[PDB]
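Residue numbers (the working numbering), protein chains in the order written: chain E, 50 to 262; chain G, 5 to 217; chain P, 4 to 231. Ideal Cβ placement from N, Cα and C applies to all residues, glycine included.
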Amino acid sequence: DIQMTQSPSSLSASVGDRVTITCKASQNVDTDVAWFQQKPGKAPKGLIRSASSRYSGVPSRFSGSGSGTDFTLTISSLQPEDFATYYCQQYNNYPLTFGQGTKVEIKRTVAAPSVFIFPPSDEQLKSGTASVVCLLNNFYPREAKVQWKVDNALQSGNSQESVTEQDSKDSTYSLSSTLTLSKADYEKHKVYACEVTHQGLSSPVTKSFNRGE
Amino acid sequence: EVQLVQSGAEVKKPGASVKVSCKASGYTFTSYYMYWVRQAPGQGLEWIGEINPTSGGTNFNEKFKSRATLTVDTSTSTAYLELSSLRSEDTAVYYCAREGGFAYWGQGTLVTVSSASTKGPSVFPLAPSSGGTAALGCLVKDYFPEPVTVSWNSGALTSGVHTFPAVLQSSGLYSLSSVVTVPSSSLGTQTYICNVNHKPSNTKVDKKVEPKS
Amino acid sequence: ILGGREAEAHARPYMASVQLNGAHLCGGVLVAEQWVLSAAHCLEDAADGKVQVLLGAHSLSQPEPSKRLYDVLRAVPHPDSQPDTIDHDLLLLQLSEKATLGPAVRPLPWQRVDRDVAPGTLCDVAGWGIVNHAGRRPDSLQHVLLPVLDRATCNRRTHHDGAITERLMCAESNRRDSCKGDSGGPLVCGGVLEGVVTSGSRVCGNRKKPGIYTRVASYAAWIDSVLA
């Protein structure tokens, strides 16, 4: 098996920037390298084959270079519809292998998240489950850290988060971390809080509620 | 016009087999290999294998050689992938692609492998806390399988809405949150109702989101 | 002809040498008393060069009783051939007079039935083209046996990347291949002309890039129309 090590994992740039994506093969693959573009929820689309040959309809700003082990996808002038995920593929040797991918995001001014917190509704509490939601609305960059604190006790392993794709208008993200507990464990405590650490905040911001109000 | 259309989504039990089709049109089917790619949710691409449509010969990734079968019906220009001994790690989108020439790809086929059965969602309100801008939403919890569509006020309220991707809970059921930001002054004046729809269970729920008293 | 050896003199009496200004340029096969079939791309760069066909030859230079050099009265490239592609790479040359048939000069019947040759089939190809990686040319006719490679394999992105249509066919190129100067020559399967060597813009002997051959059966109506 030939390894295709794609660098970097993610990459932030502005419209009109020249951007470079890299793929390193663990051994010679000649020029049997292809590049693919993929946008969320859609099928991958071919860009380059044979290291450097564009497919029909691929804008000239996409170009491929390399022979042997080191290959480079280049976008000369990044366009709005070019922000997506790109994969390199080796077809020189069985099995065909892909790179882990490269996400190309839009660069933006740093923006702090609007933090909210929601208690579990009474209709949900009629069953045996209770979910506490912590919302981080419209922020940049994506790197964020959310910690739950129940009566000033740090939780772990009982919360999942989900992030939205970059917004088409203001190029911001939104995250929702959900804390799941049984109805018995929920009513054993009173103070629920989520501590949000982000680059755009000078000190961690905490939003909380008391069980009852 | 050339296109590769694939069969619809499939849901299977951790032991059954699945057979996905890929009908080609617009080119001589027997002149090109057909290879199959798999992509786990939020993950990279993976090469399964390829088939020579004239001879039926195949080349497989060793990971799938024991439990995968590629066939072809040259009379209908259709390629089939059968995956048996299914496990939850096989939950992914399956693509067919043409080897050589313009890089045509199918639209994809979603195959879900879980122990759960087709369940309906539970819609719970996320009530606003209550200054200037506040947030509210709906918690769509415990359903199977995907997808779940959410709109607000039959689609009249669109701006400020952030419907999050679903997450796979430990129970094998999907949970999703959908939030929206509105002025604090419109609380009590405006009605906010989220329209959850789960076609697999033929469920349509309209939940009214108010501040609690 | 890479990986082969010198043929028996005049054992392939259909073999022709298309000449440009008195030098070997391409292979060719006599398909009628007055017509030789070759590759259209041989004459793209020929300009006003004198086109001649050498029949009944084994050595291009040594004297042989059956050798006769014919002037070309009429050159008919396939009307849909162009320098940019390998499609329709066929050429029909009309000789100044009917060739003097004999034990060393005899037309080869060409395949009129449009079936693909089964893969792996060994076929015979001959020419005066390159015989070693150094790019040098032989004086006497060379030949080699090549196994046919199926079209789908040949169309993989590593090989010819979908360039092989239904009117083309491939043969393996590992140490045995047809090279520059073998173009227009015959690819004989089952004692019948199956393909015409194209090549031209391809380096030979690399298993990664198989040899390409124009299937004569796919152009039967045109050949008949010109020879009629």
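Notebook entry, point to check: In chain order, what residues of the region 141-170 of chain E put their CB closer than 8 Å to some CB of chain P?
Noted result: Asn-141
Margin query: Please list, in chain order, the residues of the region 163-180 of chain P that have any C-beta partner in chain A closer than 9 Å.
Written below: Looking for chain A here will not work: the only protein chains present are E, G and P.
Margin query: Closer than 8 Å is the cut-off here; do at least three beta carbon pairs connect the region 111-127 of chain G with the region 199-211 of chain G?
Written below: yes
Notebook entry, point to check: Using the beta-carbon of each residue, which ones in chain G are nearer than 8 Å to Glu-172 of chain E?
Noted result: Numbered from its first residue, the first sequence carries residue 172 of chain E at position 123. Within 8 Å Cβ-Cβ: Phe-128, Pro-129.
Next item on the list: Ignoring anything shorter than 4 residues or poking outside the region 166-230 of chain P, list the alpha helix (DSSP H) runs there in chain order.
Entry: 223-230
Notebook entry, point to check: Within the chosen definition, does the region 210-228 of chain E reach the region 186-195 of chain E through at least 3 CB pairs nearer than 8 Å?
Noted result: yes
Next item on the list: Can you grab the Cα-Cα spacing for the pair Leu-95 of chain P / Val-199 of chain P, in whole Å?
Entry: By 1-based counting over the third sequence, the position of residue 95 of chain P is 92. By 1-based counting over the third sequence, the position of residue 199 of chain P is 196. Each residue's alpha carbon lies about 12 Å from the other.
Item checked: Chain-ordered chain G contacts of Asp-153 of chain P [CB-CB under 8 Å] -> Taking the first residue of the third sequence as 1, we reach residue 153 of chain P at position 150. By Cβ distance, chain G contributes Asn-56, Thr-58, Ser-59.
Note to self: Let's test the definition: count the other Cβ atoms within 10 Å of the Cβ of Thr-158 of chain E and tell me whether it reaches 16, buried, or not, exposed.
What the structure shows: On the first sequence, position 109 is the one that residue 158 of chain E refers to. Under this definition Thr-158 of chain E is an exposed residue.
Checklist line | Cβ-based neighbour list, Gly-112 of chain G, same chain, cut-off 6 Å, excluding 5 preceding and 5 following | finding: Translated into the one-based positions of the second sequence, residue 112 of chain G becomes position 108. Result list for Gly-112 of chain G: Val-97, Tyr-99, in chain order.
Margin query: Do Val-147 of chain P and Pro-122 of chain P count as a contact pair if the criterion is CB distance below 8 Å?
Written below: For this step, residue 122 of chain P is matched to residue 119 along the third sequence. For this step, residue 147 of chain P is matched to residue 144 along the third sequence. Going by C-beta atoms, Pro-122 of chain P is not nearer than 8 Å to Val-147 of chain P.
Note to self: Please list, in chain order, the residues of the region 14-32 of chain G that have any C-beta partner in chain P closer than 8 Å.
What the structure shows: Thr-32
Margin query: Check whether chain E comes within 8 Å of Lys-203 of chain G, counting only Cβ atoms and requiring the distance to be less than that.
Written below: In the second sequence, the residue the question calls residue 203 of chain G occupies position 199. Closer than 8 Å: no.
Checklist line | Touching by the beta-carbon criterion (3+ pairs, under 8 Å), the region 135-142 of chain E and the region 160-169 of chain E | finding: no
Note to self: Helix, strand or coil, according to DSSP, for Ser-25 of chain G in the structure here?
What the structure shows: The count along the second sequence starts at 1 and reaches residue 25 of chain G at position 21. If DSSP states are grouped into helix, strand and coil, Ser-25 of chain G belongs with the strands.
Checklist line | Pick from P:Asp-48, P:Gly-30, P:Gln-37 that is closest to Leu-63 of chain P, judged by C-alpha positions | finding: In the third sequence, counting from the first residue as 1, residue 63 of chain P sits at position 60. Comparing Cα-Cα distances from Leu-63 of chain P to each of P:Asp-48, P:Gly-30, P:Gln-37, the minimum goes to P:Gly-30.
Notebook entry, point to check: When the cut-off is 8 Å and only beta carbons count, does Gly-117 of chain E lie next to chain G?
Noted result: Stepping through the first sequence from its first residue, residue 117 of chain E is reached at position 68. Not an interface residue.
Next item on the list: Pick out whichever of E:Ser-231, E:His-247, E:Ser-208 has its Cα sitting closest to the Cα of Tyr-222 of chain E.
Entry: Here residue 222 of chain E corresponds to residue number 173 of the first sequence, with the count starting at 1. For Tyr-222 of chain E, the nearest C-alpha among the options comes from E:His-247.
Notebook entry, point to check: Less than 8 Å separating the beta-carbons of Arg-77 of chain P and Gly-59 of chain P?
Noted result: The residue you call residue 77 of chain P lines up with position 74 of the third sequence. The residue you call residue 59 of chain P lines up with position 56 of the third sequence. No, these two residues do not count as a Cβ contact at 8 Å.
Check: Between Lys-212 of chain G and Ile-197 of chain G, is the Cβ-Cβ spacing less than 8 Å?
Finding: By one-based count along the second sequence, residue 212 of chain G stands at place 208. By one-based count along the second sequence, residue 197 of chain G stands at place 193. For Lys-212 of chain G and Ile-197 of chain G, yes; Cβs fall inside 8 Å.
Notebook entry, point to check: Pick from E:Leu-60, E:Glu-262, E:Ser-63: whose alpha carbon is nearest that of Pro-132 of chain G?
Noted result: Start at 1 with the first residue of the second sequence, and residue 132 of chain G comes out as number 128. Looking at the Cα atoms, E:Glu-262 is the closest of the given residues.
Next item on the list: Would you verify that the beta carbon of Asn-158 of chain P is, or is not, closer than 8 Å to some beta carbon of chain G?
Entry: Position 155 of the third sequence, counted from the first residue, corresponds to residue 158 of chain P. Yes, contact with chain G.
Next item on the list: Give a yes or no on whether the minimum CB-CB distance between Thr-103 of chain P and chain E is below 8 Å.
Entry: By one-based count along the third sequence, residue 103 of chain P stands at place 100. No, its Cβ sits nowhere closer than 8 Å to a Cβ of chain E.
Notebook entry, point to check: Should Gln-85 of chain P and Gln-55 of chain P be called a contact, given that it needs their Cβ atoms to be closer than 8 Å?
Noted result: Here the question's residue 85 of chain P lines up with position 82 in the third sequence. Here the question's residue 55 of chain P lines up with position 52 in the third sequence. No, they are not a contact pair.
Check: Going by DSSP, what residues sit across from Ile-155 of chain E in a beta bridge?
Finding: Mapped onto the first sequence, residue 155 of chain E falls at position 106. Answer by DSSP bridge pairing, in chain order: E:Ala-62.
Check: For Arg-102 of chain G, which three-state DSSP category applies?
Finding: What you label residue 102 of chain G is simply residue 98 of the second sequence in a count that begins at 1. In the structure shown, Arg-102 of chain G sits in a strand (DSSP, three-state: E or B).
Note to self: Let me see if you follow: with CB-CB separation under 8 Å, is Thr-34 of chain G close to chain P or not?
What the structure shows: Counting from 1 along the second sequence, the entry for residue 34 of chain G is found at position 30. By this cut-off, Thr-34 of chain G is an interface position.
Next item on the list: Output yes if chain P places a C-beta closer than 8 Å to the C-beta of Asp-81 of chain E; else output no.
Entry: As a first step, residue 81 of chain E must be located in the first sequence, where it is residue number 32. Yes, contact with chain P.
Notebook entry, point to check: Does the beta carbon of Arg-103 of chain E sit closer than 8 Å to a beta carbon anywhere in chain P?
Noted result: Your numbering for residue 103 of chain E matches position 54 in the first sequence. For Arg-103 of chain E, the answer is no, since every Cβ of chain P falls outside 8 Å of its Cβ.
Item checked: Residue-level contact to chain E via CB, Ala-72 of chain G, 8 Å cutoff -> In the second sequence, residue 72 of chain G corresponds to position 68, counting from 1. Judged by the 8 Å Cβ criterion, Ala-72 of chain G is not in contact with chain E.
Next item on the list: Starting from the beta carbon of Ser-99 of chain E, find every residue of chain P whose beta carbon is closer than 8 Å, and list them in chain order.
Entry: Counting from one through the first sequence, the residue named residue 99 of chain E turns up at place 50. Residues of chain P passing the Cβ test: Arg-160, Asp-164.
Check: Do the region 24-42 of chain P and the region 162-178 of chain P meet, that is, are 3 or more Cβ pairs less than 8 Å apart?
Finding: no
Check: If you draw a straight line from the alpha carbon of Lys-237 of chain E to that of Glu-50 of chain G, how long is it in whole angstroms?
Finding: As a position in the first sequence, residue 237 of chain E is number 188, starting the count at 1. As a position in the second sequence, residue 50 of chain G is number 46, starting the count at 1. Between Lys-237 of chain E and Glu-50 of chain G, the C-alpha separation is close to 47 Å.
Notebook entry, point to check: DSSP state of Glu-262 of chain E, grouped into three classes?
Noted result: Indexing the first sequence from 1 puts residue 262 of chain E at position 213. The answer is coil: DSSP assigns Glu-262 of chain E none of H, G, I, E or B.
Notebook entry, point to check: Do we get a CB-CB distance below 8 Å when we pair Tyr-136 of chain E with the residues of chain G?
Noted result: For the purposes of this step, residue 136 of chain E is taken as residue 87 along the first sequence, with counting starting at 1. Cβ-Cβ to chain G under 8 Å: yes for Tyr-136 of chain E.
Notebook entry, point to check: With DSSP run on the structure shown, which of helix, strand or coil describes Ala-137 of chain P?
Noted result: Reading the third sequence from its first residue, position 134 is the one you call residue 137 of chain P. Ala-137 of chain P falls in the coil class under three-state DSSP.
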